file my_file_26.txt (compact mmCIF, C-alpha atoms and all ligand atoms)
# COMPACT_ATOMS: atom_id res chain seq x y z
CA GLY A 142 0.00 0.00 0.00
CA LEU A 143 3.07 2.19 -0.33
CA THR A 144 3.48 4.59 -3.22
CA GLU A 145 6.32 4.12 -5.69
CA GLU A 146 8.26 7.00 -4.14
CA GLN A 147 7.81 5.50 -0.68
CA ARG A 148 9.09 2.07 -1.68
CA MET A 149 12.05 3.70 -3.43
CA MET A 150 12.74 5.76 -0.30
CA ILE A 151 12.83 2.65 1.91
CA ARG A 152 15.00 0.84 -0.65
CA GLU A 153 17.57 3.63 -0.65
CA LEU A 154 17.68 3.71 3.17
CA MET A 155 18.03 -0.09 3.44
CA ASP A 156 20.76 0.04 0.79
CA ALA A 157 22.68 2.69 2.75
CA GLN A 158 22.28 0.67 5.96
CA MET A 159 23.50 -2.54 4.27
CA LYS A 160 26.61 -0.81 2.89
CA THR A 161 27.64 1.02 6.07
CA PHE A 162 26.54 -1.00 9.16
CA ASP A 163 29.32 -3.50 10.04
CA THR A 164 26.90 -5.67 11.98
CA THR A 165 29.59 -8.20 12.99
CA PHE A 166 32.06 -5.39 13.92
CA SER A 167 34.65 -7.29 11.85
CA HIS A 168 36.48 -4.06 10.97
CA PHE A 169 36.63 -2.60 14.50
CA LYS A 170 40.28 -3.11 15.45
CA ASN A 171 43.32 -1.49 17.11
CA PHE A 172 41.14 -0.25 19.97
CA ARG A 173 42.48 0.53 23.43
CA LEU A 174 41.64 -1.69 26.43
CA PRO A 175 41.80 -1.11 30.21
CA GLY A 176 45.28 -1.69 31.59
CA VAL A 177 46.44 -4.96 33.14
CA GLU A 195 36.06 21.53 41.55
CA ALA A 196 35.35 18.90 44.21
CA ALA A 197 31.70 19.39 43.29
CA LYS A 198 32.70 18.67 39.68
CA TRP A 199 34.27 15.33 40.61
CA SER A 200 31.18 14.31 42.58
CA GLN A 201 29.07 14.92 39.48
CA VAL A 202 31.50 13.15 37.13
CA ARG A 203 31.59 10.20 39.54
CA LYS A 204 27.79 10.11 39.35
CA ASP A 205 27.90 10.32 35.54
CA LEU A 206 30.37 7.46 35.08
CA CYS A 207 28.75 4.88 37.38
CA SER A 208 25.32 5.18 35.73
CA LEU A 209 26.57 2.68 33.09
CA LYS A 210 28.57 -0.29 34.38
CA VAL A 211 29.49 -3.07 31.96
CA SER A 212 31.88 -5.96 31.83
CA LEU A 213 33.65 -6.63 28.55
CA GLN A 214 34.18 -9.95 26.79
CA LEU A 215 36.50 -10.58 23.80
CA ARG A 216 36.21 -13.91 21.96
CA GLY A 217 39.31 -14.77 19.97
CA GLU A 218 39.14 -16.20 16.47
CA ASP A 219 40.95 -19.22 18.02
CA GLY A 220 38.31 -19.88 20.67
CA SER A 221 40.08 -18.12 23.53
CA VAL A 222 38.12 -15.69 25.70
CA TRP A 223 39.30 -12.61 27.57
CA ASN A 224 36.90 -11.18 30.16
CA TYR A 225 37.22 -7.83 31.95
CA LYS A 226 35.33 -6.99 35.16
CA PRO A 227 35.53 -3.24 36.02
CA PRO A 228 36.73 -1.87 39.37
CA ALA A 229 34.47 -0.53 42.09
CA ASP A 230 34.45 3.22 42.71
CA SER A 231 37.09 3.80 45.41
CA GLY A 232 37.16 7.58 44.97
CA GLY A 233 40.05 7.56 42.50
CA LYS A 234 41.02 7.54 38.82
CA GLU A 235 39.88 3.91 38.40
CA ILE A 236 36.45 5.18 37.31
CA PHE A 237 38.03 6.23 33.97
CA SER A 238 39.45 2.81 33.06
CA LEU A 239 37.01 2.05 30.23
CA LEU A 240 36.89 5.57 28.74
CA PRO A 241 39.62 5.09 26.08
CA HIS A 242 37.96 1.86 24.88
CA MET A 243 34.51 3.45 24.74
CA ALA A 244 35.90 6.45 22.83
CA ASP A 245 37.35 4.06 20.22
CA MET A 246 34.07 2.12 19.89
CA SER A 247 31.96 5.28 19.58
CA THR A 248 34.43 6.70 17.05
CA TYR A 249 34.15 3.49 15.04
CA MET A 250 30.34 3.73 15.14
CA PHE A 251 30.41 7.44 14.18
CA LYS A 252 32.38 6.66 11.01
CA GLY A 253 29.73 4.14 9.94
CA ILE A 254 27.00 6.73 10.66
CA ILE A 255 28.77 9.40 8.58
CA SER A 256 29.12 6.91 5.70
CA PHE A 257 25.41 6.08 6.05
CA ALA A 258 24.39 9.74 5.64
CA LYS A 259 26.70 10.33 2.67
CA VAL A 260 25.20 7.41 0.70
CA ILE A 261 21.66 8.86 0.95
CA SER A 262 20.63 11.07 -1.99
CA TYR A 263 18.44 13.39 0.09
CA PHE A 264 21.43 14.02 2.37
CA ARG A 265 24.01 14.41 -0.42
CA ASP A 266 21.76 17.11 -1.94
CA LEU A 267 21.91 19.36 1.08
CA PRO A 268 24.55 22.11 1.31
CA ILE A 269 27.70 20.86 3.00
CA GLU A 270 27.27 23.15 6.03
CA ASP A 271 23.86 21.61 6.74
CA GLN A 272 25.24 18.11 6.24
CA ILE A 273 27.75 18.89 8.99
CA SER A 274 25.18 20.43 11.34
CA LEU A 275 22.83 17.45 10.94
CA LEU A 276 25.63 14.92 11.61
CA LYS A 277 26.80 16.84 14.69
CA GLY A 278 23.17 16.85 15.84
CA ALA A 279 22.28 13.20 15.20
CA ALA A 280 25.48 11.07 15.32
CA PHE A 281 24.93 9.93 18.92
CA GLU A 282 21.23 9.14 18.32
CA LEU A 283 21.96 7.06 15.21
CA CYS A 284 24.68 5.24 17.16
CA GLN A 285 22.15 4.31 19.86
CA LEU A 286 19.63 3.13 17.26
CA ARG A 287 22.22 0.84 15.65
CA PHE A 288 23.36 -0.45 19.05
CA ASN A 289 19.77 -1.35 19.95
CA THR A 290 19.66 -3.83 17.08
CA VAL A 291 22.52 -5.82 18.70
CA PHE A 292 21.10 -5.47 22.25
CA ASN A 293 19.96 -8.74 23.87
CA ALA A 294 17.31 -7.72 26.38
CA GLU A 295 17.14 -11.21 27.93
CA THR A 296 20.82 -11.16 28.96
CA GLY A 297 21.41 -7.39 29.27
CA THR A 298 24.21 -7.56 26.68
CA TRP A 299 25.19 -5.66 23.53
CA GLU A 300 26.50 -8.38 21.19
CA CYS A 301 29.04 -6.73 18.92
CA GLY A 302 30.47 -9.67 17.03
CA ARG A 303 33.48 -10.92 18.97
CA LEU A 304 32.99 -8.23 21.65
CA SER A 305 30.18 -8.24 24.22
CA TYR A 306 29.21 -5.58 26.76
CA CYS A 307 27.19 -6.99 29.66
CA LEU A 308 25.42 -4.90 32.29
CA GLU A 309 26.73 -5.61 35.78
CA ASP A 310 24.35 -6.78 38.51
CA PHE A 315 17.29 -5.34 37.78
CA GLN A 316 14.32 -3.00 37.70
CA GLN A 317 16.97 -0.82 39.38
CA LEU A 318 19.08 -0.47 36.22
CA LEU A 319 15.98 0.58 34.25
CA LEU A 320 16.08 3.85 36.20
CA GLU A 321 18.93 4.99 33.96
CA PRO A 322 17.19 6.64 30.94
CA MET A 323 19.59 5.23 28.34
CA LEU A 324 19.00 1.70 29.65
CA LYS A 325 15.22 2.13 29.92
CA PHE A 326 15.35 3.38 26.32
CA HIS A 327 17.15 0.26 25.05
CA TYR A 328 14.80 -2.16 26.84
CA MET A 329 11.64 -0.33 25.75
CA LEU A 330 12.75 0.03 22.11
CA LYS A 331 13.78 -3.64 21.90
CA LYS A 332 10.41 -4.84 23.19
CA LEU A 333 8.65 -3.14 20.26
CA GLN A 334 10.25 -5.84 18.06
CA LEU A 335 10.86 -3.51 15.12
CA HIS A 336 11.77 -4.57 11.57
CA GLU A 337 15.02 -3.50 9.90
CA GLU A 338 13.00 -1.07 7.75
CA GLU A 339 11.50 0.62 10.82
CA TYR A 340 14.93 1.05 12.41
CA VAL A 341 16.38 2.69 9.28
CA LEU A 342 13.37 5.01 8.98
CA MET A 343 13.94 5.98 12.62
CA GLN A 344 17.55 6.78 11.69
CA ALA A 345 16.35 8.98 8.81
CA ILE A 346 13.81 10.87 10.93
CA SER A 347 16.49 11.58 13.54
CA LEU A 348 19.12 12.52 10.94
CA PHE A 349 16.82 14.97 9.11
CA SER A 350 15.82 17.00 12.18
CA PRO A 351 15.25 20.62 11.06
CA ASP A 352 15.90 22.12 14.51
CA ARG A 353 19.49 21.05 15.08
CA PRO A 354 21.82 23.94 15.98
CA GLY A 355 23.13 25.69 12.90
CA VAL A 356 20.83 24.29 10.21
CA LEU A 357 20.09 26.77 7.40
CA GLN A 358 17.71 24.87 5.06
CA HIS A 359 15.15 24.43 7.84
CA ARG A 360 12.23 24.15 5.40
CA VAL A 361 13.87 21.59 3.11
CA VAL A 362 15.01 19.43 6.04
CA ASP A 363 11.57 19.72 7.66
CA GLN A 364 9.81 18.54 4.50
CA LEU A 365 12.19 15.61 4.09
CA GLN A 366 11.61 14.59 7.71
CA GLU A 367 7.85 14.70 7.22
CA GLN A 368 8.15 12.39 4.20
CA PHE A 369 10.24 9.82 6.11
CA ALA A 370 7.67 9.93 8.92
CA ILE A 371 4.76 9.48 6.48
CA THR A 372 6.60 6.56 4.85
CA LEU A 373 7.06 4.95 8.28
CA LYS A 374 3.40 5.46 9.27
CA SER A 375 2.31 3.94 5.93
CA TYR A 376 4.76 1.03 6.22
CA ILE A 377 3.29 0.13 9.62
CA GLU A 378 -0.28 0.38 8.31
CA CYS A 379 0.51 -1.86 5.34
CA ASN A 380 2.52 -4.54 7.15
CA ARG A 381 1.29 -4.76 10.79
CA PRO A 382 -2.47 -5.28 11.30
CA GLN A 383 -2.21 -6.98 14.71
CA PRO A 384 -3.75 -5.49 17.87
CA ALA A 385 -0.31 -5.59 19.51
CA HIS A 386 0.86 -2.97 17.01
CA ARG A 387 -1.93 -0.45 17.51
CA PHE A 388 -0.38 2.99 17.94
CA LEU A 389 3.07 1.60 16.97
CA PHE A 390 3.82 4.68 14.84
CA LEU A 391 3.09 6.98 17.79
CA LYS A 392 5.16 4.84 20.17
CA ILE A 393 8.18 5.08 17.83
CA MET A 394 7.76 8.85 17.55
CA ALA A 395 7.65 9.11 21.35
CA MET A 396 10.84 6.99 21.57
CA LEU A 397 12.55 9.38 19.13
CA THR A 398 11.59 12.30 21.38
CA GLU A 399 13.02 10.46 24.38
CA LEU A 400 16.19 9.73 22.40
CA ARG A 401 16.66 13.46 21.78
CA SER A 402 16.45 14.12 25.53
CA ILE A 403 18.96 11.31 26.21
CA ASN A 404 21.20 12.84 23.51
CA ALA A 405 21.21 16.20 25.31
CA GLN A 406 21.75 14.58 28.73
CA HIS A 407 24.64 12.45 27.50
CA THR A 408 26.30 15.32 25.62
CA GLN A 409 26.46 17.28 28.89
CA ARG A 410 27.94 14.28 30.74
CA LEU A 411 30.61 13.96 28.03
CA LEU A 412 31.59 17.61 28.32
CA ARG A 413 31.79 17.40 32.12
CA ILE A 414 34.00 14.29 32.00
CA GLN A 415 36.11 15.83 29.23
CA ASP A 416 36.55 19.01 31.28
CA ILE A 417 38.37 17.22 34.13
CA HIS A 418 39.70 14.13 32.30
CA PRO A 419 40.30 14.55 28.56
CA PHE A 420 39.58 11.48 26.46
CA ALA A 421 37.59 12.47 23.34
CA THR A 422 39.12 11.36 20.02
CA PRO A 423 39.65 13.89 17.20
CA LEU A 424 36.40 12.77 15.52
CA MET A 425 34.53 13.09 18.83
CA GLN A 426 35.94 16.60 19.31
CA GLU A 427 34.69 17.61 15.83
CA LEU A 428 31.19 16.23 16.31
CA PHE A 429 30.83 17.67 19.84
CA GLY A 430 32.29 21.16 19.31
CA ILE A 431 35.72 20.86 20.98
CA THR A 432 38.23 22.98 19.04
CA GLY A 433 41.61 21.96 20.49
CA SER A 434 42.27 25.28 22.27
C1 LIG B 501 27.44 7.11 28.90
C2 LIG B 501 28.28 8.22 29.57
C3 LIG B 501 27.89 9.56 28.97
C4 LIG B 501 28.24 9.55 27.48
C5 LIG B 501 29.72 9.25 27.26
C6 LIG B 501 30.07 9.26 25.82
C7 LIG B 501 29.36 10.07 24.92
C8 LIG B 501 29.68 10.08 23.56
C9 LIG B 501 30.73 9.29 23.08
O1 LIG B 501 31.03 9.33 21.74
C10 LIG B 501 31.48 8.47 23.94
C11 LIG B 501 31.19 8.42 25.30
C12 LIG B 501 31.99 7.53 26.23
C13 LIG B 501 31.66 7.82 27.69
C14 LIG B 501 30.16 7.93 27.90
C15 LIG B 501 29.77 7.98 29.37
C16 LIG B 501 30.07 6.78 30.27
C17 LIG B 501 29.09 6.92 31.44
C18 LIG B 501 28.15 8.09 31.08
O2 LIG B 501 26.80 7.84 31.48
CL1 LIG B 502 25.69 3.72 22.63
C1 LIG B 502 27.19 3.80 23.56
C2 LIG B 502 28.26 3.10 23.07
CL2 LIG B 502 28.39 2.91 21.34
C3 LIG B 502 29.31 3.24 24.04
CL3 LIG B 502 31.11 3.47 23.21
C4 LIG B 502 29.08 2.08 24.88
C5 LIG B 502 29.08 0.81 24.14
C6 LIG B 502 27.92 0.24 24.58
CL4 LIG B 502 28.26 -0.49 26.26
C7 LIG B 502 26.99 1.43 24.67
CL5 LIG B 502 25.66 0.99 25.80
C8 LIG B 502 27.69 2.37 25.36
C9 LIG B 502 27.44 3.80 25.00
CL6 LIG B 502 26.27 4.83 25.87
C10 LIG B 502 28.75 4.27 24.89
CL7 LIG B 502 29.52 4.26 26.48
CL8 LIG B 502 28.85 5.89 24.17
call {"tool": "encode", "arguments": {"input": "my_file_26.txt", "output": "structure tokens"}}
result
Amino acid sequence: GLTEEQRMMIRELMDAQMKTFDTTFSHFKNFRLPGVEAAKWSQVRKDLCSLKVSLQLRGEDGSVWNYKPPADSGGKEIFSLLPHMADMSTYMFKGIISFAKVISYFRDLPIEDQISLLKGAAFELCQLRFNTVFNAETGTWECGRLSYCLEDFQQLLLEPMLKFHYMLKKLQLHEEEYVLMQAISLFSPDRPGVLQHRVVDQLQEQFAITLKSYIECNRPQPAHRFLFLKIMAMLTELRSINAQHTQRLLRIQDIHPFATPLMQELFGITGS
């Protein structure tokens, strides 16, 4: 029940996803691993312990390395996973940038708006891709040979990022619905610095109409009533999480620098 333009739109998004999402993380390599003002620190300590994961690395030979993080003992040990997480997020950001550049509607925007949209949406598209490898039964992001497992229930769901991942996963979305969510987030007309507000706003409305129509054509079941509105509400929540997490990053960076060059670009840090 989709128009020709709508089916072409979904095809181009699925094509871009297929070419730029390394779903087995086969090409994520050479990453760092953990080794073998007072009111600012209190806040940064609160920021960093809201996400506690162990790390597992499965070797191509069948060997397994497992890392269990330290407890907070009021010292620098809270930063032990930051270099690794910077490398993983940088890796994800490159895939996201490649995704945008493959899409015709994005290529056709002026380069300054391309940049402003990527700065605005890179984190959100990263989270959307990570949700597709999240295992909600085991609390683990399964990234090929790497796994990130939440450390020991309804308590962890208090953290908005974690509640987001569990709630989005339980909607049991199709690949097409995920990539349309990525498009709607990418083409957000109200990101800081956007000039072609009207063009971006019209593109976003078309991706949202395509998603609403896709759901109406392919999901008649009572469990999926209001699915389109649930997704849109999740995208609003993701924007709030984006703003919250950007402020945590800048606080951590202020007292303990760790952002990679690509992270600095996307998040406004100039090097001075
Ligand atoms: C997720 C946190 C805020 C967002 C931070 C971030 C945000 C963006 C990014 O590219 C990398 C990282 C690594 C550290 C993350 C933090 C670790 C704990 C904190 O909640
Ligand atoms: Cl998404 C995101 C990724 Cl990707 C990183 Cl590198 C990390 C990897 C897995 Cl554990 C997800 Cl939950 C986290 C965060 Cl919030 C961070 Cl910590 Cl940004």
call {"tool": "closest_atom_pairs", "arguments": {"input": "my_file_26.txt", "of": "chain A", "to": "ligand LIG 501 (chain B)", "cutoff": "6 Å", "atoms": "all atoms listed in the file", "output": "Markdown table"}}
result
| residue | atom | partner | partner_atom | distance |
| --- | --- | --- | --- | --- |
| A:205 | CA | B:LIG501 | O2 | 4.9 |
| A:206 | CA | B:LIG501 | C17 | 3.9 |
| A:208 | CA | B:LIG501 | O2 | 5.2 |
| A:209 | CA | B:LIG501 | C17 | 5.2 |
| A:240 | CA | B:LIG501 | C13 | 5.8 |
| A:243 | CA | B:LIG501 | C12 | 5.0 |
| A:244 | CA | B:LIG501 | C10 | 5.0 |
| A:247 | CA | B:LIG501 | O1 | 4.7 |
| A:407 | CA | B:LIG501 | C3 | 4.6 |
| A:410 | CA | B:LIG501 | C3 | 5.0 |
| A:411 | CA | B:LIG501 | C5 | 4.9 |
| A:425 | CA | B:LIG501 | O1 | 5.9 |
call {"tool": "residues_around", "arguments": {"input": "my_file_26.txt", "residues": "residue 214 in chain A", "least_positions_apart": "4", "cutoff": "8 Å", "atoms": "all atoms listed in the file", "output": "MDAnalysis selection string"}}
result
chainID A and resid 222:225 303:306
call {"tool": "residues_near_ligand", "arguments": {"input": "my_file_26.txt", "ligand": "ligand LIG 502 (chain B)", "cutoff": "9 Å", "atoms": "all atoms listed in the file", "output": "compact mmCIF listing (two decimals) with C-alpha atoms, in the frame of the given file"}}
result
# COMPACT_ATOMS: atom_id res chain seq x y z
CA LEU A 209 26.57 2.68 33.09
CA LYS A 210 28.57 -0.29 34.38
CA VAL A 211 29.49 -3.07 31.96
CA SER A 212 31.88 -5.96 31.83
CA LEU A 213 33.65 -6.63 28.55
CA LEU A 239 37.01 2.05 30.23
CA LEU A 240 36.89 5.57 28.74
CA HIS A 242 37.96 1.86 24.88
CA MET A 243 34.51 3.45 24.74
CA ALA A 244 35.90 6.45 22.83
CA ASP A 245 37.35 4.06 20.22
CA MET A 246 34.07 2.12 19.89
CA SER A 247 31.96 5.28 19.58
CA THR A 248 34.43 6.70 17.05
CA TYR A 249 34.15 3.49 15.04
CA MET A 250 30.34 3.73 15.14
CA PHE A 251 30.41 7.44 14.18
CA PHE A 281 24.93 9.93 18.92
CA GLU A 282 21.23 9.14 18.32
CA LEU A 283 21.96 7.06 15.21
CA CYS A 284 24.68 5.24 17.16
CA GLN A 285 22.15 4.31 19.86
CA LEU A 286 19.63 3.13 17.26
CA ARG A 287 22.22 0.84 15.65
CA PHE A 288 23.36 -0.45 19.05
CA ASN A 289 19.77 -1.35 19.95
CA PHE A 292 21.10 -5.47 22.25
CA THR A 298 24.21 -7.56 26.68
CA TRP A 299 25.19 -5.66 23.53
CA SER A 305 30.18 -8.24 24.22
CA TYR A 306 29.21 -5.58 26.76
CA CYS A 307 27.19 -6.99 29.66
CA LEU A 308 25.42 -4.90 32.29
CA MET A 323 19.59 5.23 28.34
CA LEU A 324 19.00 1.70 29.65
CA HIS A 327 17.15 0.26 25.05
CA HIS A 407 24.64 12.45 27.50
call {"tool": "closest_residue", "arguments": {"input": "my_file_26.txt", "among": "A:302, A:170, A:253, A:372", "to": "residue 149 in chain A", "atoms": "all atoms listed in the file"}}
result
A:372
call {"tool": "atom_distance", "arguments": {"input": "my_file_26.txt", "atom1": "CA of residue 158 in chain A", "atom2": "CA of residue 290 in chain A"}}
result
12.3 Å
call {"tool": "closest_residue", "arguments": {"input": "my_file_26.txt", "among": "A:207, A:397, A:373, A:389", "to": "residue 338 in chain A", "atoms": "only C-alpha atoms"}}
result
A:373
call {"tool": "closest_residue", "arguments": {"input": "my_file_26.txt", "among": "A:357, A:279, A:406, A:366", "to": "residue 322 in chain A", "atoms": "all atoms listed in the file"}}
result
A:406
call {"tool": "atom_distance", "arguments": {"input": "my_file_26.txt", "atom1": "CA of residue 344 in chain A", "atom2": "CA of residue 403 in chain A"}}
result
15.3 Å
call {"tool": "closest_residue", "arguments": {"input": "my_file_26.txt", "among": "A:252, A:413, A:226, A:234", "to": "residue 162 in chain A", "atoms": "only C-alpha atoms"}}
result
A:252
call {"tool": "axis_aligned_box", "arguments": {"input": "my_file_26.txt", "around": "range 360-377 of chain A", "padding_each_side": "6 Å", "output": "JSON"}}
result
{"center_x": 8.7, "center_y": 12.1, "center_z": 6.4, "size_x": 24.7, "size_y": 36.0, "size_z": 18.5}
call {"tool": "closest_residue", "arguments": {"input": "my_file_26.txt", "among": "A:231, A:275, A:384, A:173", "to": "residue 422 in chain A", "atoms": "all atoms listed in the file"}}
result
A:173
call {"tool": "closest_residue", "arguments": {"input": "my_file_26.txt", "among": "A:362, A:236, A:276, A:143", "to": "residue 377 in chain A", "atoms": "all atoms listed in the file"}}
result
A:143
call {"tool": "residues_around", "arguments": {"input": "my_file_26.txt", "residues": "residue 412 in chain A", "least_positions_apart": "2", "cutoff": "12 Å", "atoms": "only C-alpha atoms", "output": "list in words"}}
result
residues 198, 201, 202, 205, 405, 406, 407, 408, 409, 410, 414, 415, 416, 417, 418, 419, 420, 421, 425, 426, 429, 430 and 431 of chain A
